[PDB]
Every structure is written in C-alpha cells, then in structure tokens.
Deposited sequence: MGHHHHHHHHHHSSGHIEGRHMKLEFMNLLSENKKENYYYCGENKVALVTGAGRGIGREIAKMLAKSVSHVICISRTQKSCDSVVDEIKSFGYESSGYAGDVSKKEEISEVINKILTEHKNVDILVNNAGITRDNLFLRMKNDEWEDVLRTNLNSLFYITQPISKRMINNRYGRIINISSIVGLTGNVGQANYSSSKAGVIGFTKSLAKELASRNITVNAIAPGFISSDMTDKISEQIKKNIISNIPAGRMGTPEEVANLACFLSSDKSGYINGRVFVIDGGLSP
C-alpha cells in the first residue's frame, strides 16, 4: 500500500542533513529503489544512525560527517565521496538551519550563519557532483527550500532570504544542465511535524488540510522527482503545504 519509485539502474543517491526529519525519511525511502544511499550529517554519530536504520532493512548505505557551513570541510567530504563513487546520480540538498528573530533584533551571526549554511553551501556540494552528472549525462538534483522562501515570514528574514536563494539557484542550474539529462528542482515544504501548543494550534488553524505534513509525505515527493519518469520536470518549485499558501 505504498508507491514504488523506479529511479533507474545502479544509481547512487546522496542526501545532506540526513540525520533527522525530512532528510532522514528521504534517505530511507530512496534506499528502497537506489543501489546505494550516501548520508551526510553534521556528526558521524547522526549519519551512522540513519545508515544503520537503512541497512537493517537490507539496503546499502554509507555515511560521512560533514558540516555544510564550513566550505573547506564540506568540499573535502564531497571530494572523498567522489573518489569512492564514480557517480552520484541523485543529490538531495536538504541540510539547513534556522536562527529566528525579528529583523530589528537579529544578530549579525544569525544572519550570516543561516545564509552560509543554507545557501552558500550549495556551491561547494553541487559543483563537483554536477560535473560528474554532466559527464555521465544523467542526474536528479532536488533542493529543499521552504514556503517561507516564497512568501517571507515574520522572524525569518534570514531563512526566507536563504530559501528564496535556493530557488534562484535551482532555476539557473535547470537551464544549464537540462540538455545533459539532469533535472534540477526544489521542494518547498509548509509546516512539517518535527513551538507552544497554542502557537501550533494557531498554525494548524491556518492550514486547510487541518494538520501538519509528515516527513514521509515530503520524502514521497522527493522520490517521485528522483524517479526515471520525472525527467521532463525541470526548474520548478513544488510546494507541499496542505493548502497553506496557494
């Protein structure tokens, strides 16, 4: 009673921020149909946890600790992965953080850390991988953005700027890489489970669906985009938010 996503043969996927939530469910679901799923988490403990969960189901997976906010460090991790794997066919850029505050109160580090972690990081991770995808003439790049990147949100000028940036990145790369059978798309989740009970009720009262979404629902959308039959979807932003913001 679940969908099956055929992603092609002998494929390797790489998911950043795979230690928890959406990233973790994406890595676990991709494992059902790709030959090997690489998990990157800030700490080795975090990725080992998800890699173990994936392996316990009989699938192949490996994990590398990597802090995407540190360009030299993450660049080395990706280089290492590419020496071990000739190709990385599916890349899910999910790593990201929030450092919320009204703009008037926001600290310079809250602004910088969110932009650096959520946006600047895409270059260091995606460039080496895209080079291999171009050479192999195949790829699926899925960038996790947020509905806040489309609408803005009180207390999140930094997060919104970063996630809107993810969308501009996505569209430009789609234009450049599509001729090589590479699709580049973004997923913009709304309120996904995993805040005071009163604020949560306030939020849910604004969602037509009447509930928050689940990380498994987001993973379904990411695996659909990673599949073989989604090759004509390119440069788009797919919002999964229960009707919060049509």
Practice item. Provide the list of deposited-sequence positions lacking C-alpha coordinates, grouped into contiguous ranges. Key: 1 to 34, 229 to 233
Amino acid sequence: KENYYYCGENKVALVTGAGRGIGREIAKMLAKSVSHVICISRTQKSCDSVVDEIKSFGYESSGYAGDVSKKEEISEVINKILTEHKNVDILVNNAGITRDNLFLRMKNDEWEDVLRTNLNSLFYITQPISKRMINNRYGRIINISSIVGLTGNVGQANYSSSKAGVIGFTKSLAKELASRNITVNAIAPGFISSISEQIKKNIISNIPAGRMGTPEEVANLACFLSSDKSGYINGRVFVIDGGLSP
From here on, numbers count along this sequence of modelled residues.
Review point. Where do the C-alpha atoms have the higher mean temperature factor in this entry, in 71 to 79 or in 153 to 161?
Key: 71 to 79
**Study point:** 112 to 120 versus 162 to 170 - greater average Cα B-factor per the deposited record
**Key:** 112 to 120
Exercise for review: Pick out which of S179, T43, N185, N220 has the highest C-alpha B-factor in the PDB entry.
Suggested key: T43
Exercise for review: Grab the CA temperature factor for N10 from the record and place it in the lowest, middle or highest third of its chain.
Suggested key: highest
**Study point:** Entry-reported Cα temperature factor of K229, expressed as the chain third it lands in
**Key:** highest
Practice item. Quick one: classify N136 as lowest, middle or highest third of the chain based on its Cα B-factor. Key: middle
Study note, to complete from the structure: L104: C-alpha B-factor third of its chain, per the entry, is the highest
**Study point:** Chain-wide C-alpha B factor ranking for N87, given as lowest, middle or highest third
**Key:** highest
